[PDB]
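**Q** Next comes the structure file model02.cif, holding mmCIF, C-alpha atoms.
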data_work
loop_
_atom_site.group_PDB
_atom_site.id
_atom_site.type_symbol
_atom_site.label_atom_id
_atom_site.label_comp_id
_atom_site.auth_asym_id
_atom_site.auth_seq_id
_atom_site.Cartn_x
_atom_site.Cartn_y
_atom_site.Cartn_z
ATOM 1 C CA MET A 4 -42.008 49.938 88.880
ATOM 2 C CA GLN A 5 -38.996 49.327 86.536
ATOM 3 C CA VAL A 6 -38.782 46.564 83.811
ATOM 4 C CA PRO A 7 -35.635 47.730 81.963
ATOM 5 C CA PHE A 8 -35.193 47.236 78.245
ATOM 6 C CA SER A 9 -32.398 44.958 77.188
ATOM 7 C CA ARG A 10 -29.380 46.224 75.162
ATOM 8 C CA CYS A 11 -28.761 43.791 72.322
ATOM 9 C CA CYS A 12 -26.252 43.628 69.485
ATOM 10 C CA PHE A 13 -27.672 41.778 66.505
ATOM 11 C CA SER A 14 -25.278 43.484 63.967
ATOM 12 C CA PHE A 15 -21.529 44.066 64.531
ATOM 13 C CA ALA A 16 -18.669 46.387 63.491
ATOM 14 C CA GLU A 17 -16.659 44.887 60.596
ATOM 15 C CA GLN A 18 -13.902 47.551 60.384
ATOM 16 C CA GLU A 19 -11.577 48.215 63.357
ATOM 17 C CA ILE A 20 -12.675 51.233 65.400
ATOM 18 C CA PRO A 21 -9.741 53.403 66.602
ATOM 19 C CA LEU A 22 -9.263 52.992 70.389
ATOM 20 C CA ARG A 23 -8.933 56.853 70.731
ATOM 21 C CA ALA A 24 -12.500 57.149 69.244
ATOM 22 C CA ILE A 25 -14.068 55.125 72.157
ATOM 23 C CA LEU A 26 -15.025 56.501 75.601
ATOM 24 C CA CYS A 27 -15.991 53.226 77.371
ATOM 25 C CA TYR A 28 -17.726 49.850 76.918
ATOM 26 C CA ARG A 29 -20.999 48.219 78.120
ATOM 27 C CA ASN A 30 -21.853 44.522 78.081
ATOM 28 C CA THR A 31 -24.991 43.456 76.166
ATOM 29 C CA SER A 32 -27.877 42.286 78.452
ATOM 30 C CA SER A 33 -27.456 38.589 79.505
ATOM 31 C CA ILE A 34 -30.817 37.455 77.967
ATOM 32 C CA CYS A 35 -29.507 38.374 74.453
ATOM 33 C CA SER A 36 -25.704 38.159 75.194
ATOM 34 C CA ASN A 37 -24.587 36.755 71.783
ATOM 35 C CA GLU A 38 -20.851 37.486 72.512
ATOM 36 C CA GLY A 39 -21.286 41.173 71.673
ATOM 37 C CA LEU A 40 -19.718 44.210 73.367
ATOM 38 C CA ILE A 41 -20.980 47.803 73.077
ATOM 39 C CA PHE A 42 -18.368 50.560 72.651
ATOM 40 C CA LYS A 43 -19.561 54.086 73.537
ATOM 41 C CA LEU A 44 -18.107 56.501 71.010
ATOM 42 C CA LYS A 45 -17.819 60.333 71.087
ATOM 43 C CA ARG A 46 -20.874 62.697 71.047
ATOM 44 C CA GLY A 47 -23.212 59.895 72.256
ATOM 45 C CA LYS A 48 -22.498 57.599 69.235
ATOM 46 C CA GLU A 49 -22.275 53.739 69.546
ATOM 47 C CA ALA A 50 -20.881 50.492 68.167
ATOM 48 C CA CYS A 51 -21.696 46.852 68.740
ATOM 49 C CA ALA A 52 -18.621 44.706 68.341
ATOM 50 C CA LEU A 53 -18.234 40.927 68.577
ATOM 51 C CA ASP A 54 -15.960 39.982 71.533
ATOM 52 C CA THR A 55 -14.460 36.864 69.802
ATOM 53 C CA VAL A 56 -12.738 39.179 67.247
ATOM 54 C CA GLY A 57 -9.098 40.021 68.210
ATOM 55 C CA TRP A 58 -9.131 43.881 68.135
ATOM 56 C CA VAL A 59 -12.345 44.121 70.231
ATOM 57 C CA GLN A 60 -10.665 42.103 73.071
ATOM 58 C CA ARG A 61 -7.511 44.306 73.050
ATOM 59 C CA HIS A 62 -9.652 47.519 72.948
ATOM 60 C CA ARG A 63 -11.757 46.174 75.921
ATOM 61 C CA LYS A 64 -8.600 45.786 78.075
ATOM 62 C CA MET A 65 -7.630 49.467 77.462
ATOM 63 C CA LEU A 66 -11.068 50.919 78.429
ATOM 64 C CA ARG A 67 -13.259 51.258 81.551
ATOM 65 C CA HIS A 68 -17.002 50.185 81.894
ATOM 66 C CA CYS A 69 -19.459 52.992 80.866
ATOM 67 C CA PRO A 70 -20.877 54.792 83.949
ATOM 68 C CA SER A 71 -24.574 54.766 84.869
ATOM 69 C CA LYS A 72 -26.699 56.981 87.133
ATOM 70 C CA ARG A 73 -29.719 56.707 89.484
ATOM 71 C CA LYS A 74 -31.047 60.314 89.032
ATOM 72 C CA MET B 4 -18.404 54.073 62.225
ATOM 73 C CA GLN B 5 -21.701 53.410 64.155
ATOM 74 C CA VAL B 6 -23.456 49.980 64.608
ATOM 75 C CA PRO B 7 -26.120 50.880 67.206
ATOM 76 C CA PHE B 8 -27.297 48.405 69.808
ATOM 77 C CA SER B 9 -30.914 47.397 69.637
ATOM 78 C CA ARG B 10 -33.402 48.227 72.454
ATOM 79 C CA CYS B 11 -35.406 45.099 73.228
ATOM 80 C CA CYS B 12 -38.175 44.267 75.670
ATOM 81 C CA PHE B 13 -38.142 40.587 76.557
ATOM 82 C CA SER B 14 -39.971 41.130 79.951
ATOM 83 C CA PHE B 15 -42.990 43.443 80.455
ATOM 84 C CA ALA B 16 -44.759 45.512 83.139
ATOM 85 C CA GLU B 17 -47.624 43.514 84.698
ATOM 86 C CA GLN B 18 -49.103 46.269 86.927
ATOM 87 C CA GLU B 19 -50.432 49.536 85.441
ATOM 88 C CA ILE B 20 -47.857 52.367 85.645
ATOM 89 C CA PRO B 21 -49.412 55.774 86.539
ATOM 90 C CA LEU B 22 -49.414 58.068 83.459
ATOM 91 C CA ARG B 23 -48.069 60.986 85.664
ATOM 92 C CA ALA B 24 -44.978 58.766 86.440
ATOM 93 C CA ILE B 25 -43.945 58.610 82.708
ATOM 94 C CA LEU B 26 -41.985 61.273 80.779
ATOM 95 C CA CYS B 27 -42.198 59.821 77.233
ATOM 96 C CA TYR B 28 -42.110 56.600 75.225
ATOM 97 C CA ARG B 29 -39.801 54.955 72.642
ATOM 98 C CA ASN B 30 -40.378 52.040 70.305
ATOM 99 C CA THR B 31 -38.319 48.835 70.612
ATOM 100 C CA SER B 32 -35.857 48.273 67.698
ATOM 101 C CA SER B 33 -37.613 46.648 64.648
ATOM 102 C CA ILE B 34 -35.317 43.543 64.614
ATOM 103 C CA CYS B 35 -36.652 42.524 68.087
ATOM 104 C CA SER B 36 -40.048 44.396 67.971
ATOM 105 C CA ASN B 37 -42.149 41.812 69.899
ATOM 106 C CA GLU B 38 -45.071 44.342 70.324
ATOM 107 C CA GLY B 39 -43.293 46.072 73.215
ATOM 108 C CA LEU B 40 -43.167 49.798 74.063
ATOM 109 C CA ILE B 41 -40.600 51.498 76.335
ATOM 110 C CA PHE B 42 -41.880 54.125 78.804
ATOM 111 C CA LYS B 43 -39.213 56.515 80.153
ATOM 112 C CA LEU B 44 -39.907 57.205 83.802
ATOM 113 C CA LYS B 45 -38.425 59.825 86.180
ATOM 114 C CA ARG B 46 -34.750 59.925 87.329
ATOM 115 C CA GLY B 47 -33.727 57.932 84.209
ATOM 116 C CA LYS B 48 -35.817 54.849 85.193
ATOM 117 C CA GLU B 49 -37.493 52.625 82.520
ATOM 118 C CA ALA B 50 -40.353 50.221 81.788
ATOM 119 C CA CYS B 51 -41.034 47.838 78.949
ATOM 120 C CA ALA B 52 -44.741 47.446 78.384
ATOM 121 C CA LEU B 53 -46.619 45.254 75.900
ATOM 122 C CA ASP B 54 -48.581 47.407 73.392
ATOM 123 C CA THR B 55 -51.486 44.882 72.994
ATOM 124 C CA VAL B 56 -52.466 45.525 76.667
ATOM 125 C CA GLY B 57 -55.236 48.171 77.025
ATOM 126 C CA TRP B 58 -53.630 50.670 79.492
ATOM 127 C CA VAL B 59 -50.321 50.827 77.538
ATOM 128 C CA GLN B 60 -52.231 51.958 74.373
ATOM 129 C CA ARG B 61 -54.162 54.693 76.264
ATOM 130 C CA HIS B 62 -50.937 55.884 78.024
ATOM 131 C CA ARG B 63 -49.127 55.956 74.610
ATOM 132 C CA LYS B 64 -51.792 58.365 73.176
ATOM 133 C CA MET B 65 -51.231 60.816 76.096
ATOM 134 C CA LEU B 66 -47.398 60.956 75.722
ATOM 135 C CA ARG B 67 -44.816 62.192 73.178
ATOM 136 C CA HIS B 68 -41.828 60.157 71.673
ATOM 137 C CA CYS B 69 -38.645 60.399 73.872
ATOM 138 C CA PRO B 70 -36.124 62.891 72.430
ATOM 139 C CA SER B 71 -32.603 61.837 71.355
ATOM 140 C CA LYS B 72 -29.506 63.898 70.549
ATOM 141 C CA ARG B 73 -26.585 64.001 68.073
ATOM 142 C CA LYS B 74 -23.971 65.648 70.392
#
Transcribe the structure of this file into structure tokens.
**A**
Amino acid sequence: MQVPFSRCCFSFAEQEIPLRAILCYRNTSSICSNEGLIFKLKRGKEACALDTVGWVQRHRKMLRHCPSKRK
Amino acid sequence: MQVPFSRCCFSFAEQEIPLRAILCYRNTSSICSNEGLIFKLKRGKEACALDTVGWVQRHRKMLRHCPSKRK
């Protein structure tokens, strides 16, 4: 019965986000990939970041993938 | 510091979803609107549905907007 929505990043973070501010990262859905990465921030906040930009790549290596559930 | 990801529906529910199966709805992000509606189902499941289709409109009227948080 599920037709999940896609997670897309059409606008990206200009300023560097401190690594300590991020919990984990999610990839954008493949249909709208656009080289974006989602960083999950504290208290449920979020930031799209473009994965071709230097700092985003280095931050990605120092984080784990955001967990999901099935309940 | 936030650059939220967009919620987009590029694929939609063909078959009618029972109203009792849905918790609430959310709108797709305006940048990728495409006349889609998101229905939140049980155990965190989800369904994109096209708002020009009859049943989706009638289901929408009998539901409330999905709540969000800020913590």
**Q** In Å, rounded to a single decimal, give me how far atom CA of residue A:62 is from atom CA of residue A:50.
**A**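 Taking atom CA of residue A:50 and atom CA of residue A:62, their separation equals 12.6 Å.
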**Q** Kindly provide, as an mmCIF file with C-alpha atoms, in the frame of the given file, the residues of chain B having any atom no farther than 12 Å from an atom of chain A, counting all atoms listed in the file.
**A**
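Written file, iface10.cif:
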data_model
loop_
_atom_site.group_PDB
_atom_site.id
_atom_site.type_symbol
_atom_site.label_atom_id
_atom_site.label_comp_id
_atom_site.auth_asym_id
_atom_site.auth_seq_id
_atom_site.Cartn_x
_atom_site.Cartn_y
_atom_site.Cartn_z
ATOM 1 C CA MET B 4 -18.404 54.073 62.225
ATOM 2 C CA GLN B 5 -21.701 53.410 64.155
ATOM 3 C CA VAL B 6 -23.456 49.980 64.608
ATOM 4 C CA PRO B 7 -26.120 50.880 67.206
ATOM 5 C CA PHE B 8 -27.297 48.405 69.808
ATOM 6 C CA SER B 9 -30.914 47.397 69.637
ATOM 7 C CA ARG B 10 -33.402 48.227 72.454
ATOM 8 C CA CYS B 11 -35.406 45.099 73.228
ATOM 9 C CA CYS B 12 -38.175 44.267 75.670
ATOM 10 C CA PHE B 13 -38.142 40.587 76.557
ATOM 11 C CA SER B 14 -39.971 41.130 79.951
ATOM 12 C CA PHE B 15 -42.990 43.443 80.455
ATOM 13 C CA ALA B 16 -44.759 45.512 83.139
ATOM 14 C CA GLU B 17 -47.624 43.514 84.698
ATOM 15 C CA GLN B 18 -49.103 46.269 86.927
ATOM 16 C CA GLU B 19 -50.432 49.536 85.441
ATOM 17 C CA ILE B 20 -47.857 52.367 85.645
ATOM 18 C CA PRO B 21 -49.412 55.774 86.539
ATOM 19 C CA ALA B 24 -44.978 58.766 86.440
ATOM 20 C CA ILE B 25 -43.945 58.610 82.708
ATOM 21 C CA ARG B 29 -39.801 54.955 72.642
ATOM 22 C CA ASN B 30 -40.378 52.040 70.305
ATOM 23 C CA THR B 31 -38.319 48.835 70.612
ATOM 24 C CA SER B 32 -35.857 48.273 67.698
ATOM 25 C CA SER B 33 -37.613 46.648 64.648
ATOM 26 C CA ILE B 34 -35.317 43.543 64.614
ATOM 27 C CA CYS B 35 -36.652 42.524 68.087
ATOM 28 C CA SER B 36 -40.048 44.396 67.971
ATOM 29 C CA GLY B 39 -43.293 46.072 73.215
ATOM 30 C CA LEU B 40 -43.167 49.798 74.063
ATOM 31 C CA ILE B 41 -40.600 51.498 76.335
ATOM 32 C CA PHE B 42 -41.880 54.125 78.804
ATOM 33 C CA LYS B 43 -39.213 56.515 80.153
ATOM 34 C CA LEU B 44 -39.907 57.205 83.802
ATOM 35 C CA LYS B 45 -38.425 59.825 86.180
ATOM 36 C CA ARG B 46 -34.750 59.925 87.329
ATOM 37 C CA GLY B 47 -33.727 57.932 84.209
ATOM 38 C CA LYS B 48 -35.817 54.849 85.193
ATOM 39 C CA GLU B 49 -37.493 52.625 82.520
ATOM 40 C CA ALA B 50 -40.353 50.221 81.788
ATOM 41 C CA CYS B 51 -41.034 47.838 78.949
ATOM 42 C CA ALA B 52 -44.741 47.446 78.384
ATOM 43 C CA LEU B 53 -46.619 45.254 75.900
ATOM 44 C CA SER B 71 -32.603 61.837 71.355
ATOM 45 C CA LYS B 72 -29.506 63.898 70.549
ATOM 46 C CA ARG B 73 -26.585 64.001 68.073
ATOM 47 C CA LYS B 74 -23.971 65.648 70.392
#
**Q** Apply the PyMOL selection byres ((chain A and resi 66) around 8) to the structure shown and report the selected residues as a PyMOL selection string.
**A** chain A and resi 26-28+62-65+67-68
**Q** Using atom CA of residue A:22 and atom CA of residue A:60 as the two end points, give the distance in Å to one decimal.
**A**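 For atom CA of residue A:22 relative to atom CA of residue A:60, the distance reads 11.3 Å.
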**Q** Quote the spacing between atom CA of residue B:59 and atom CA of residue B:37 in Å to one decimal place.
**A**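 Atom-to-atom, atom CA of residue B:59 to atom CA of residue B:37, that is 14.4 Å.
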**Q** Around all the atoms of stretch 21-39 of chain B listed in the file, draw an axis-aligned box and extend it by 8 Å on each of the six sides; I want its centre and edge lengths in Å to one decimal, as JSON.
**A**
{"center_x": -42.4, "center_y": 51.5, "center_z": 75.6, "size_x": 30.1, "size_y": 35.5, "size_z": 37.9}
